[PDB]
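Residue numbers (this note's numbering), protein chains in the order written: chain P, 7 to 131; chain H, 24 to 126; chain R, 29 to 199; chain C, 76 to 807; chain V, 15 to 130.
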């Protein structure tokens, strides 16, 4: 429970920022069984990245989002895991930083923003 | 310009996350520190639930890092672990800790 | 708003020049007012410098210093009050560089010696180097900056070249 | 139908405005906000009351420790009614309250639940309490505990007059020309005049004359923090010191950063200065680094803190913990209160000292203390919330004390006996009647004149009285600047109408179209703002991006941004399309690269038009057209298409006194195209237009004919004397 | 113009020190063993009065401020006749009324005072 596992920590790992609602929807336990839930598409120039959700999921969530690059080079960030003093194991080093925004092409954006309006009106202080 | 590569999106089940509690390990430095050379294995990590800060000390005691919990990180980060098939599995983030070197 | 009105002599009443001499002789003049750059600089070896401008002034006094100054070469501080002095402010108060710059200043406490140029140089540069005995303690001698910043502040603030106190302006 | 707009259309829009809002809408809206929302939260703040009675260890049977829990629930409000001495209950109407010297008020009902926990007090072990008894009468009408009586303002939501038609008002014998907006206390009509206040959560930099060593001051009120710069300009000695609450001696800023969690010295200057090239900034910060470098220890500073407390001789570790807790508990509470938010506090302190030092380097000036954009108006709502909070706190304290008393005698307490319902009623009635805004015991030092008896001498006098604001500065105070008229009063305050004597300038009257904001939650705004590409303040590095816009929300810095123009365009798109209510203010300062968002309550705003560039006409023009005016006429004659219809279509916009700093307005509409002397203004990038200049006047001065052919003091004198004419004050 | 120098070990600013046997200046960090060799006898500087030309301040995206006036003067570089103009944004008491022009297209700064 002391040594660090670096045998497979050489691979670079993406750093992506997900929206609060999308991230919370992706914390579902039932979908954690290695299920293929989505896919990514990278432009030839790499400026535009599109995340497309698989049709296996319910139609209540938008199936298209876009990605933007924050830093072209990302250094001094590492990804680790800790398991049962606890045994820790580094996973890798971070390569790029990206942030997710909703896609205009998918109409469901409006719907969730509609829900956003539903969030805005109810709460008061 | 429409060529794209395919990375399937997988996940890690509950049976693996139950005994694997994740914690974001952040080191504060101006230099690219790697444990392959800057840390002499094995390393001793302990707490001397968040009242006791983390302490990571080398075998020789030369590299001692003290880690504190930074709260209010409203960004719920995710861990993208690469499997043998090239797919990415999601791991939710529980806590984030920032480490600084002892004087 | 206190004030004071001064009427000149009958002979000097109609001419502007004696009036300006009196005006200079009344207003309060202090060192901090007459330095466009009274810059605290490192002066480790005052024998030579990197700046070409002060190099010309160097050989002037190094061929113009007495034997006692030659002995006291080591007393000059490892820091310098390097005075780039504004020409206009110096000439406004009819202030001669040498006499006013050094006579009163060294007479007051024998605290600060100077290497100074004649007013003809394009850049009026004075080198104010304080004078201390070599008998100073080792702990004291180590803390050069600690004594000299304090004495430099007490030097700018508390030295009166010419004038009378409390009179801010004369018009 | 795509034609421009003439002044007739301006008067049409104003007619719609008054047909929709009214002249007394501000009081009614504040009261509705208070009754619907704030009242629930005031009780929900302190729902749980706990008694922990340990075992006295007298006998074995007395070894059980007890816990008593009291919780509160919903609030129900009835329509006003009265119970006579005979015990009969009948609904109370304003006529009976007026004639019989009653008090127009209603009753308040709150749900109460009780729990009892019992544990075995074993020495050396933690007490483990278990649920045994829980009294909750939510299934019966007996669960509603009567708590007190609350006065009701006329024509508000609860009052019977709200939905009365003209024949209803006649049969009940109302004046149809009555507007509401006042209480009936002891059978006399009372009104609350707006009270002016200086805003909070805004850093302000001041200056001092120099007989004293002080040179500059930076203030913030959230709890107050003073970070002072001592040392005259041009001298070698620079000192920057902060004055924390419950610390007397004070300690420098580098010590604060060391204690806060930023150990390396190089990071201090990255926190303070955001431009690497500037050398004067670092030159002024050098002595702070030099002095703070001696101690790399938090604990010496914490020992400094510990000594100055009232208790003396405390052990060192307890002093360490105490000084540690002071920072997260009392140091800048308006940012956060919970643990672990240190980066935000460090950056905010850096920003404050940066602004102080910027003012110290003559790049900017002192903050103007007269600017009307830095002042809030408290209506009936906030004042009632204040008093209700105080009285509820006292009442629950009394309940706890009595329940402890009856526990001492081992007697069960009746919840209908522990409550002294007369406290709330007596306090509210006394405050509203006398006007002294405070407790009966401490009324001498409280604010006065907050509640005044309505003036019914003439109708215009009632109108002028229900639209009055008081600036609580000593009316014998010789400060001339608050008295004088200021450039920021254009359109929000009547310039003509002011009293004479000791209240000259201190008493203000609003214009015909200066409303006030109610209040709204900032959380959805922050969530959306982070959604659309905002980097959090935790991951901000000055050197990676030194050209980053800062983002504020109600005066707390949440982070930075890189491309602000599209964010402002999208935000204003959403504000104009109804995704956000238009009472929110959103300013951008290009010169300092700043964004400010305000959602608080107490801001005066006025309507304005919208100018957009039409390419078909090749130049700018208003969004309003002749079709909209025709629709307005159709709806007005039909008395649909209302003022809110204009608002939600992005045709008009509400502007406060702060956003006005970053706009351009064409006063006449014909001034937007390419007797007296009217000059053609050189501007060509217009953004808004004046609906009509006449509205910059109040209600008193809206009766003088040809007021601009008069000397101004004459207009003031007639605005005074217009309240002593004899006429029909009411038609009944 | 004296510049702060940070130690390469712990980012602390380097304090000066002297070497008597070699008579040379060094910069040392009081917390660690790092010592670096001074390149000039200029370590500190204290000016009194600032002979700074007045500056237009922040210029980035200044053309989108709609409360800023306009002029039809001709650009000395790109020969454009549309620009923004404003007074000096430094708030000294004795500043003169000398204008500053920022071109719309090439973002070039110039002044109305063409002193040779």
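We put the CB at the ideal spot given by N, CA and C, even for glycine.
Euclidean distance between Cα positions of residue i and residue j
{"i": "residue 227/C", "j": "residue 103/C", "result": "11 Å"}
{"i": "residue 181/C", "j": "residue 487/C", "result": "31 Å"}
{"i": "residue 200/R", "j": "residue 386/C", "result": "Look at the range of chain R in this structure, 29 to 199, and you will see that residue 200/R is not part of it."}
{"i": "residue 122/H", "j": "residue 43/H", "result": "21 Å"}
{"i": "residue 73/R", "j": "residue 630/C", "result": "54 Å"}
{"i": "residue 619/C", "j": "residue 335/C", "result": "24 Å"}
{"i": "residue 295/C", "j": "residue 435/C", "result": "17 Å"}
{"i": "residue 62/P", "j": "residue 43/P", "result": "7 Å"}
{"i": "residue 7/P", "j": "residue 91/P", "result": "6 Å"}
{"i": "residue 48/H", "j": "residue 24/P", "result": "20 Å"}
{"i": "residue 179/R", "j": "residue 333/C", "result": "31 Å"}
{"i": "residue 310/C", "j": "residue 181/R", "result": "8 Å"}
{"i": "residue 679/C", "j": "residue 775/C", "result": "20 Å"}
{"i": "residue 384/C", "j": "residue 422/C", "result": "28 Å"}
{"i": "residue 173/R", "j": "residue 58/R", "result": "24 Å"}
{"i": "residue 466/C", "j": "residue 515/C", "result": "11 Å"}
{"i": "residue 115/C", "j": "residue 149/C", "result": "7 Å"}
{"i": "residue 666/C", "j": "residue 696/C", "result": "28 Å"}
Below-8 Å beta-carbon distance, residue i vs any chain R residue
{"i": "residue 311/C", "result": "yes"}
{"i": "residue 57/V", "result": "yes"}
{"i": "residue 140/V", "result": "Because chain V in this structure spans residues 15 to 130, residue 140/V falls outside the shown range and cannot be described."}
Neighbour flag for residue i against chain P, beta carbons, 8 Å
{"i": "residue 264/C", "result": "no"}
{"i": "residue 74/H", "result": "no"}
Within-8 Å CB hit, residue i to chain V
{"i": "residue 665/C", "result": "yes"}
{"i": "residue 35/R", "result": "no"}
{"i": "residue 375/C", "result": "no"}
{"i": "residue 58/R", "result": "no"}
{"i": "residue 78/R", "result": "yes"}
Cβ of residue i within 8 Å of any chain C Cβ
{"i": "residue 181/R", "result": "yes"}
{"i": "residue 130/P", "result": "yes"}
{"i": "residue 94/H", "result": "yes"}
{"i": "residue 118/P", "result": "no"}
{"i": "residue 81/V", "result": "yes"}
Within chain D, the residues that residue i reaches when beta carbons sit closer than 9 Å
{"i": "residue 423/C", "result": "Looking at the structure shown, chain D is missing, and the protein chains on hand are P, H, R, C and V."}
C-beta neighbour in chain H for residue i, strict 8 Å
{"i": "residue 608/C", "result": "no"}
{"i": "residue 850/C", "result": "Since the first residue of chain C shown is 76 and the last is 807, residue 850/C is not available in this structure."}
{"i": "residue 50/P", "result": "yes"}
Residue i - partner residues in DSSP beta bridges
{"i": "residue 223/C", "result": "183/C"}
{"i": "residue 97/P", "result": "Per DSSP, none; premise fails for residue 97/P."}
{"i": "residue 164/C", "result": "158/C"}
{"i": "residue 80/P", "result": "Bridge partners of residue 80/P: none, in fact."}
{"i": "residue 543/C", "result": "584/C"}
{"i": "residue 122/H", "result": "50/H, 90/H"}
task: Could you say if the region 405 to 422 of chain C and the region 89 to 96 of chain H meet the contact criterion of at least three C-beta pairs nearer than 8 Å?
output: yes
- request: Could you name each continuous alpha helix (DSSP H) segment of 4 residues or more that falls completely within the region 44 to 97 of chain R, going from the start of the chain to the end?
  value: 44 to 54, 80 to 90
- request: Would you be able to state if there are at least three C-beta pairs under 8 Å between the region 612 to 630 of chain C and the region 556 to 565 of chain C?
  value: no
message: Quick check on the DSSP output: what are the complete alpha helix (DSSP H) runs of length 4 or more inside the region 31 to 113 of chain H, in order along the chain?
response: 37 to 41, 58 to 61
- prompt: Would you call the region 649 to 658 of chain C and the region 725 to 733 of chain C touching, i.e. three or more CB-CB distances under 8 Å?
  reply: yes
query: In the region 88 to 158 of chain R, which residue ranges form an unbroken beta strand (DSSP E) of at least 3 residues, counting only runs that do not cross its ends?
result: 107 to 113, 140 to 144, 152 to 158
- request: Run through the region 605 to 689 of chain C for me and flag every whole alpha helix (DSSP H) of 4 or more residues, listed as ranges in chain order.
  value: 639 to 651
query: Counting Cβ pairs, one atom from each stretch, are 3 or more of them under 8 Å apart for the region 572 to 591 of chain C and the region 101 to 109 of chain P?
result: no
- prompt: Looking at C-beta atoms only, is the number of pairs between the region 238 to 249 of chain C and the region 258 to 273 of chain C that lie closer than 8 Å three or more?
  reply: no
- request: Check whether the region 81 to 90 of chain R touches the region 117 to 135 of chain R, taking contact to mean three or more Cβ pairs, one atom from each stretch, closer than 8 Å.
  value: no
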